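Trainee: Below are the structure tokens for one structure; questions will follow.
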Amino acid sequence: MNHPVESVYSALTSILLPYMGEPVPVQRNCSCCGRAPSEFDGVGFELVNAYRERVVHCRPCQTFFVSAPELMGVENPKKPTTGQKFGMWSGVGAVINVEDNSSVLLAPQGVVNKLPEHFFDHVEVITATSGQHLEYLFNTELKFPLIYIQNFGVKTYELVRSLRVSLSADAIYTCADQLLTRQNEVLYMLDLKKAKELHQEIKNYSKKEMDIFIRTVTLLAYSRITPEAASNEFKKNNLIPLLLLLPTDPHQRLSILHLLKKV
Amino acid sequence: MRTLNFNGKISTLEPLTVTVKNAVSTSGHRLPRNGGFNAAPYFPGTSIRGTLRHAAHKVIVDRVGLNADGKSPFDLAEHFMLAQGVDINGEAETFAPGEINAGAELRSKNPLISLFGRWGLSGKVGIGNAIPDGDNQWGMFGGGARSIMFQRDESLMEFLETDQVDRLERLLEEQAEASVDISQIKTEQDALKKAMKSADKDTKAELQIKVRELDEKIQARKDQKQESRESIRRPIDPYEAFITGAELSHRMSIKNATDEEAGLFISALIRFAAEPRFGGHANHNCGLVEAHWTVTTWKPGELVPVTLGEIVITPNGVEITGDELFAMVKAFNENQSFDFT
Amino acid sequence: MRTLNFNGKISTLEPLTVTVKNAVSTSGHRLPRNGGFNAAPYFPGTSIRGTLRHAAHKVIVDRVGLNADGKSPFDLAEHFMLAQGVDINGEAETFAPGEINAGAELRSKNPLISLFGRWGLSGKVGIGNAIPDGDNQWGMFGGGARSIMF
Amino acid sequence: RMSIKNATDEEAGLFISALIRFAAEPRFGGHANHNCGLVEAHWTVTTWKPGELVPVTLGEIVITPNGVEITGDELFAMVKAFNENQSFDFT
Amino acid sequence: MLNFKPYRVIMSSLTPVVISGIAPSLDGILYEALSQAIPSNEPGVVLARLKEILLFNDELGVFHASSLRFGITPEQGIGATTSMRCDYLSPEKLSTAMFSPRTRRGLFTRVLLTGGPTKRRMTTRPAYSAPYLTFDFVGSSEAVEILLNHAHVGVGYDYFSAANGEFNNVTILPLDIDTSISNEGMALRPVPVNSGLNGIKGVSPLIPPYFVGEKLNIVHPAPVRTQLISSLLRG
DNA sequence: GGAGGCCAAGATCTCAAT
Ligand SMILES: [Zn+2]
């Protein structure tokens with residue numbers, strides 16, 4: 001119910017509800033999401049993965065493992081009858097508007113080509129590679145709260161446990177197939193508001209000065225130049241006002257720079 | 001129930017090296033560093049922990065022995081539980097997250113899992129890094145250069161027949177031609193790279209596109225080669241390592257060590273001494289070390305260390321000093337309740 | 001199945017030199033150093049390993065036999081595999097990771113490739129560097145000058 | 001220092017035979033035009049059974065310009081095991 | 001319960017530090033050190049002893065022990081590194097001398113290493129590399145010196161297994177003002193939200209061990225804070 | 001005849017360098 005996967009299901013992956021089949025009464029947790037059975041109403045899907053494991057899935061988690069070739073195309077011609085799955089879509093992202101219950105797929109050109117005509121009536125698809133996600137997030141007037149899936153990936157279980165709802169532009173949680181522990185949550189948070197502020201204030205400086213700033217912050221973040229040398233460079237090119245906008249965290253600095261260089 | 005702190009040194013009889021993904025750049029191979037290229041390196045405690053966990057696993061395998069048919073009594077699931085700590089079939093006990101002192105029965109029956117934990121059970125053995133003492137105790141060892149065995153020793157040509165000599169000549173010619181062609185492609189790629197920074201934002205894409213296409217042209221050129229896909233003559237890249245005779249400070253601990261778990265750890269260190277090497281590049285006999293640890297504990301009721309003994313590992317043997325350590329080893333050897341399955 | 005450790009010394013009868021690509025500079029020819037520019041030199045374990053590997057290769061070549069013409073049964077590929085440890089035809093029995101007892105049969109049948117190994121097969125032999133015992137046991141040799149003989 | 005990890009009798013015998021053949025031309029390195037590289041070496045062979053506290057010396061290999069000296073019955077046993085095993089396929 | 005004076009501890013960082021969302025606090029390190037010294041894991045006992053060497057603020061329910069603050073020199077500043085942990089399945093581990101694999105046609109079924117339950121785990125975490133690590137506290141300098149020097153504790157996450165946050169050269173120098181909880185109205189450690197202190201909001205326990213107990217709404221400083229080592233030594 | 005096991009296939013691309 002009140003789980004991030006339900007929001008993804010309703011907004012995006014309820015399209016293949018007709019092909020799911022009927023559930024079975026189950027007595028164990030959903031290994032995919034781990035939530036208690038009390039939010040399943042006792043029904044779930046029994047599945048065997050290629051590793052020969054008996055995993056129980058709720059309805060929202062099952063949509064990542066459902067093959068509907070007539071709806072989602074086919075990903076590998078060697079296996080004609082197995083369609084593209086949300087649980088196997090490497091390189092495909094999605095921005096999900098929870099309140100409006102609408103979703104926006106960010107698929108690359110190859111995946112878009114593989115998609116049949118019937119797909120586009122149900123899901124709005126944007127042609128954008130993995131590197132072009134940042135452009136879409138930057139330019140689009142985002143509606144919050146939203147779930148932004150950066151990469152559906154192949155490791156569904158870790159994607160499902162890592163789904164988080166972004167309440168504001170301060171903290172957009174980029175969700176991928178990598179497990180979101182508290183030790184690596186700095187890599188999967190994007191300070192869009194501060195990046196946009198820095199981009200707005202980066203326009204006052206020259207292109208050469210901007211490149212110097214980006215290279216100096218990147219080298220300093222990787223312990224490649226001494227702080228004294230970086231400070232001398234910043235003073236020389238008058239980049240001190242820019243430096244005060246960056247977070248002290250080097251990983252946040254690198255995320256913000258990666259966003260600036262893409263937009 | 002006491003904490004056993006192992007403080008000591010590790011002296012490298014041979015260069016000591018380790019390959020870590022984030023420390024090995026494309027510019028060269030480097031040891032792990034806590035900072036830039038001017039920082040002093042260290043030998044990861046993860047590598048030492050893995051080596052000692054394998055030694056403890058070998059101790060357990062030797063102790064348990066082999067079945068009547070001669071096959072090891074551990075299946076794949078138990079093997080990965082003892083070795084990597086993962087449970088592959090989902091049959092492991094899942095303790096409640098609230099408590100800390102969990103798995104008391106499992107810790108009592110399986111000393112290896114108690115020392116080195118599994119997923120869901122914290123391990124009592126902490127193994128720290130090997131921090132160097134000096135300031136110039138690392139250097140770029142290895143290196144060398146692969147040669148052609150027939151261009152170096154002419155007596156080897158007498159063994160080859162005429163067809164094989166012709167094949168060798170074709171191989172050398174192909175190697176030279178491919179070297180020249182690939183050098184030209186790399187030159188063009190580098191020319192693209194130099195103007196890449198000066199390139200405009202729109203041009204940032206297709207320059208990378210041509211670099212990519214140049215890369216697969218190199219791959220296709222090497223695929224066109226028939227006698228050999230790889231040039232036999234090539235410079236070998238050196239690896240960074242700690243020099244011979246480097247002194248590295250090492251700290252190890254066992255938290256709440258029973259006599260049996262500490263005995264298993266001492267036995268692992270004893271068995272580790274038969275082949276006492278960390279790290280890789282064993283082809284150059286790298287990694288061989290000698291270490292001496294001062295086993296100490298905490299005085300009950302106050303913050304005062306108490307020395308229990310000392311473990312010295314040398315090429316000439318293992319010296320265990322201290323009656324307490326022998327008591328731990330004997331307690332491990334005499335226990336008849338352990339079940340590692 | 002035992003571990004044998006060869007601990008000993010190498011005594012020098014004639015000057016011992018080696019040209020390592022990363023050790024020599026434009027300033028001059030230098031021996032590889034035991035870490036740093038001012039440390040004691042050493043003789044690389046790579047050179048000793050290569051010399052002993054080729055010696056073992058010739059042991060194998062002599063043991064297999066030479067025909068009346070003095071030719072060995074091994075083609076070019078076998079010679080390269082046994083001495084250089086490189087395969088040219090691409091027929092080396094690549095062991096996918098996860099194989100249980102990966103080199104068992106190859107090691108049992110080919111003691112040379114078991115000792116010294118190849119890519120994908122760890123060699124059992126590790127031959128370390130040679131470290132001098134004292135100081136100032138190295139110096140600049142060679143020298144001289146070519147001259148018009150007339 | 002040299003070592004063979006988990007060496008059978010046959011592989012140790014091959015290594016010892018390599019050392020014996022190396023003694024005929026005990027040359028390391030380059031600049032052989034000045035006869036650089038001649039060496040004489042002696043190695044003490046020891047084995048260490050895991051689980052025990054001390055190693056045991058098997059013998060000694062001495063390479064000198066006057067000959068090759070190998071001591072200890074274990075090294076001779078290794079060489080004989082290599083020279084008398086006919087199940088080796090090197091191709 | 002003793003004559004507790006405010007101290008600042010500065011240690012040299014030897015290994016990159018992995019921060020579990022909330023910056024490590026010195027009371028956590030001292031709790032681990034005392035859990036090793038006292039051969040007991042009971043939180044009640046360790047906390048009862050920890051209060052003898054760290055001042056406990058009853059009003060807020062937190063120890064006078066500041067969180068981590070990286071000390072940067074002009075030679076080296078706060079850097080970005082990853083903590084790499086991998087499964088090394090050596091030929092010894094994949095051998096029949098250790099386990100008996102399942103057999104088909106006499107051949108041994110290979111371990112599927114690219115994925116599954118038996119995959120090589122390439123677990124990587126963000127880490128921070130700075131020359132110095134600095135904590136502020138009010139307590140017995142002798143006991144904290146002994147615990148930091150002799151116990152098996154690091155600064156950060158999972159020092160026991162990975163040896164992240166290894167440190168040495170622990171230097172303790174007395175302070176003039178207690179800067180362990182508050183400084184100019186900004187919280188320097190996880191404090192209750194009702195304390196009136198400013199900082200990043202979050203959910204965490206107030207006393208160690210921080211992985212055990214009900215998680216209240218707290219206010220904590222930024223996880224990665226840096227201060228110049230010259231300004232730290234000023235005292 | 002599942003049932004074990006292998007092997008090939010699936011999107012596009014990652015700048016830090018004494
Ligand atoms: Zn679920």
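Labels used: A, B, ... for chains in the order of the structure tokens, numbers from 1 for residues in each chain, and numbers from 1 for ligands as shown.
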Define the interface residues of chain A facing chain B as those within 9 Å, counting only C-alpha atoms, and report them as an mmCIF file with N, CA and C atoms, in the first residue's frame.
Mentor:
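Output contents, as saved in out36.cif:
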```
data_model
loop_
_atom_site.group_PDB
_atom_site.id
_atom_site.type_symbol
_atom_site.label_atom_id
_atom_site.label_comp_id
_atom_site.auth_asym_id
_atom_site.auth_seq_id
_atom_site.Cartn_x
_atom_site.Cartn_y
_atom_site.Cartn_z
ATOM 1 N N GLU A 53 14.814 -20.302 -7.636
ATOM 2 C CA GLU A 53 14.423 -19.879 -6.299
ATOM 3 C C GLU A 53 12.926 -19.622 -6.275
ATOM 4 N N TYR A 222 39.216 14.925 -6.372
ATOM 5 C CA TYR A 222 39.901 13.650 -6.512
ATOM 6 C C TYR A 222 41.288 13.670 -5.895
ATOM 7 N N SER A 223 41.572 14.658 -5.050
ATOM 8 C CA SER A 223 42.870 14.804 -4.402
ATOM 9 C C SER A 223 44.006 14.772 -5.419
ATOM 10 N N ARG A 224 43.817 15.485 -6.527
ATOM 11 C CA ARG A 224 44.846 15.555 -7.552
ATOM 12 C C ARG A 224 45.633 16.852 -7.536
ATOM 13 N N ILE A 225 45.118 17.900 -6.900
ATOM 14 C CA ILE A 225 45.848 19.147 -6.718
ATOM 15 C C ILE A 225 45.701 19.579 -5.270
ATOM 16 N N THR A 226 46.718 20.231 -4.766
ATOM 17 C CA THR A 226 46.718 20.661 -3.378
ATOM 18 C C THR A 226 45.717 21.796 -3.180
#
```
Trainee: Using only C-alpha atoms (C1' of nucleotides), determine which residues lie at most 9 Å from residue B:333, disregarding the query and same-chain residues fewer than 6 positions distant; provide the list as an MDAnalysis selection string.
Mentor: chainID B and resid 63 260 263:264
Trainee: Store the residues of this selection in a file with C-alpha atoms, as a PDB file, in the first residue's frame.
Mentor:
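In the end it all went to result32.pdb:
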```pdb
ATOM      1  CA  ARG B  63      40.139 -30.600  11.384  1.00  0.00           C
ATOM      2  CA  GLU B 260      37.925 -21.796  21.557  1.00  0.00           C
ATOM      3  CA  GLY B 263      42.359 -20.919  19.727  1.00  0.00           C
ATOM      4  CA  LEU B 264      40.991 -21.171  16.204  1.00  0.00           C
TER       5      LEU B 264
END
```
Trainee: Please return, as a ChimeraX atom specification, all residues of chain A lying within 10 Å of chain E when only C-alpha atoms are considered.
Mentor: /A:49-53,155,178-179,181-187,218-231,247-254
Trainee: Select all residues from chain D having any atom no more than 8 Å from an atom of chain C (counting only C-alpha atoms, ignoring ligands), output as a PyMOL selection string.
Mentor: chain D and resi 1-11+14-15+17-19+21-22+28-31+34-49+87-91
Trainee: Enumerate residues in contact with ligand 1: an atom-to-atom distance of at most 8 Å, counting only C-alpha atoms (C1' of nucleotides) and all ligand atoms. Format the result as number ranges by chain.
Mentor: A: 5, 29-35, 56-62, 160
Trainee: Can you tell me, as a ChimeraX atom specification, what residues are no more than 8 Å from residue B:170 when counting only C-alpha atoms (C1' of nucleotides), ignoring any on the same chain fewer than 4 positions away?
Mentor: /B:166,174,227
Trainee: Just list the residues in chain E DSSP gives alpha helix (DSSP H) on the backbone, as a ChimeraX atom specification.
Mentor: /E:26-37,43-50,141-150,159-162,229-232
Trainee: With distances taken over only C-alpha atoms (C1' of nucleotides), which residue among C:84, C:38, C:96, C:46 lies nearest chain F?
Mentor: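 Among the listed residues, C:96 lies closest to chain F.
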Trainee: To one decimal place in Å, what is the distance between atom CA of residue B:10 and atom CA of residue B:277?
Mentor: 10.9 Å
Trainee: Using DSSP assignments from the backbone, pull out every residue in stretch 37-269 of chain B that falls under strand (DSSP E or B) and give it to me as an NGL selection string.
Mentor: :B and (41 or 43 or 118 or 121 or 125-132 or 138-142 or 145-146 or 234-235 or 238-242 or 247-257)
Trainee: Find the residues around residue F:10 up to 9 Å (only C-alpha atoms (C1' of nucleotides) counted), leave out those fewer than 3 positions away in its own chain, and share them as a short mmCIF file (atom, residue, chain, number, x, y, z; two decimals) with N, CA, C and O atoms, in the first residue's frame.
Mentor:
```cif
data_model
loop_
_atom_site.label_atom_id
_atom_site.label_comp_id
_atom_site.auth_asym_id
_atom_site.auth_seq_id
_atom_site.Cartn_x
_atom_site.Cartn_y
_atom_site.Cartn_z
N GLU A 75 13.11 -7.89 -26.77
CA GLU A 75 14.44 -7.32 -26.59
C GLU A 75 15.53 -8.12 -27.28
O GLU A 75 16.51 -7.53 -27.75
N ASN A 76 15.39 -9.44 -27.37
CA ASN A 76 16.39 -10.29 -28.00
C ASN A 76 15.71 -11.16 -29.04
O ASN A 76 14.87 -12.00 -28.68
N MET A 88 14.29 -5.89 -16.55
CA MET A 88 15.48 -6.19 -17.34
C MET A 88 15.86 -5.02 -18.23
O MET A 88 16.63 -5.21 -19.19
N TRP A 89 15.35 -3.83 -17.95
CA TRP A 89 15.54 -2.67 -18.83
C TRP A 89 16.72 -1.84 -18.35
O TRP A 89 16.58 -0.86 -17.62
N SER A 90 17.91 -2.25 -18.78
CA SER A 90 19.10 -1.46 -18.52
C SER A 90 19.10 -0.24 -19.42
O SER A 90 18.85 -0.35 -20.62
#
```
Trainee: Nearest to chain C: which of E:113, E:122, E:11, E:143 is it, counting only C-alpha atoms?
Mentor: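 That would be E:113, the residue with the smallest distance to chain C.
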Trainee: Provide as a PyMOL selection string the residues of chain B at most 6 Å from chain E, counting only C-alpha atoms.
Mentor: chain B and resi 2-3+34-35+45-46+71-72+74-75+88+126+128+255-256+298
Trainee: Based on only C-alpha atoms, which of the residues in chain D come within 6 Å of chain B? I want them as a PyMOL selection string.
Mentor: chain D and resi 48+50-51+53-54
Trainee: If you keep N, CA and C atoms, can you produce a file of those selected residues as a short mmCIF file (atom, residue, chain, number, x, y, z; two decimals), in the first residue's frame?
Mentor:
```cif
data_model
loop_
_atom_site.label_atom_id
_atom_site.label_comp_id
_atom_site.auth_asym_id
_atom_site.auth_seq_id
_atom_site.Cartn_x
_atom_site.Cartn_y
_atom_site.Cartn_z
N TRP D 48 57.46 -26.91 4.62
CA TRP D 48 56.70 -26.58 5.82
C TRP D 48 55.31 -27.17 5.69
N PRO D 50 51.69 -27.47 6.66
CA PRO D 50 50.79 -26.59 7.42
C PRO D 50 50.26 -27.30 8.65
N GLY D 51 50.13 -26.55 9.73
CA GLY D 51 49.74 -27.09 11.01
C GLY D 51 50.89 -27.34 11.96
N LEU D 53 54.86 -26.25 13.53
CA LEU D 53 55.50 -25.02 13.99
C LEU D 53 56.86 -24.76 13.37
N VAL D 54 57.55 -25.78 12.87
CA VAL D 54 58.86 -25.56 12.27
C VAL D 54 58.95 -26.25 10.91
#
```
Trainee: For atom CA of residue C:27 and atom CA of residue B:139, determine how far apart the two atoms are, in Å to one decimal place.
Mentor: 19.6 Å
Trainee: Ranking B:202, B:190, B:213, B:158 by minimum distance to chain C and counting only C-alpha atoms, which one comes first?
Mentor: B:158
Trainee: As an MDAnalysis selection string, could you give me every residue of chain B near chain C (at most 9 Å apart, counting only C-alpha atoms)?
Mentor: chainID B and resid 14:15 136:149 156 158:161 164:165 167:168 226:230 232 235:238 241:244 274:275 281:286
Trainee: Using only C-alpha atoms (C1' of nucleotides), what does the table of chain E residues within 10 Å of chain F look like, with each row giving the shortest atom pair and its distance in Å to one decimal, sorted by chain and ascending number, as JSON lines?
Mentor:
```
{"residue": "E:104", "atom": "CA", "partner": "F:5", "partner_atom": "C1'", "distance": 8.2}
{"residue": "E:109", "atom": "CA", "partner": "F:5", "partner_atom": "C1'", "distance": 7.4}
{"residue": "E:110", "atom": "CA", "partner": "F:5", "partner_atom": "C1'", "distance": 9.1}
```
Trainee: With N, CA and C atoms retained, export the selected residues as a PDB file, in the first residue's frame.
Mentor:
```
ATOM      1  N   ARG E 104      27.780 -33.852 -12.625  1.00  0.00           N
ATOM      2  CA  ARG E 104      26.990 -34.275 -13.769  1.00  0.00           C
ATOM      3  C   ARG E 104      27.943 -34.808 -14.825  1.00  0.00           C
ATOM      4  N   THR E 109      29.938 -29.254 -11.460  1.00  0.00           N
ATOM      5  CA  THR E 109      29.157 -28.085 -11.840  1.00  0.00           C
ATOM      6  C   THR E 109      29.868 -26.830 -11.368  1.00  0.00           C
ATOM      7  N   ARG E 110      30.210 -25.959 -12.305  1.00  0.00           N
ATOM      8  CA  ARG E 110      30.959 -24.766 -11.963  1.00  0.00           C
ATOM      9  C   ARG E 110      30.084 -23.797 -11.181  1.00  0.00           C
TER      10      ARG E 110
END
```
Trainee: Show me, as a PyMOL selection string, the residues of chain C whose atoms get within 6 Å of chain E, using only C-alpha atoms for the distance check.
Mentor: chain C and resi 98-101
Trainee: Go ahead and save the picked residues with N, CA and C atoms, as a PDB file, in the first residue's frame.
Mentor:
```pdb
ATOM      1  N   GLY C  98      34.919 -19.990 -11.971  1.00  0.00           N
ATOM      2  CA  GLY C  98      33.954 -20.865 -11.354  1.00  0.00           C
ATOM      3  C   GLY C  98      34.202 -22.332 -11.599  1.00  0.00           C
ATOM      4  N   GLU C  99      35.108 -22.675 -12.507  1.00  0.00           N
ATOM      5  CA  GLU C  99      35.401 -24.075 -12.759  1.00  0.00           C
ATOM      6  C   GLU C  99      36.097 -24.687 -11.555  1.00  0.00           C
ATOM      7  N   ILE C 100      35.616 -25.847 -11.132  1.00  0.00           N
ATOM      8  CA  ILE C 100      36.180 -26.559  -9.996  1.00  0.00           C
ATOM      9  C   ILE C 100      37.391 -27.342 -10.473  1.00  0.00           C
ATOM     10  N   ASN C 101      38.519 -27.162  -9.792  1.00  0.00           N
ATOM     11  CA  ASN C 101      39.781 -27.787 -10.174  1.00  0.00           C
ATOM     12  C   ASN C 101      40.116 -27.458 -11.626  1.00  0.00           C
TER      13      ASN C 101
END
```
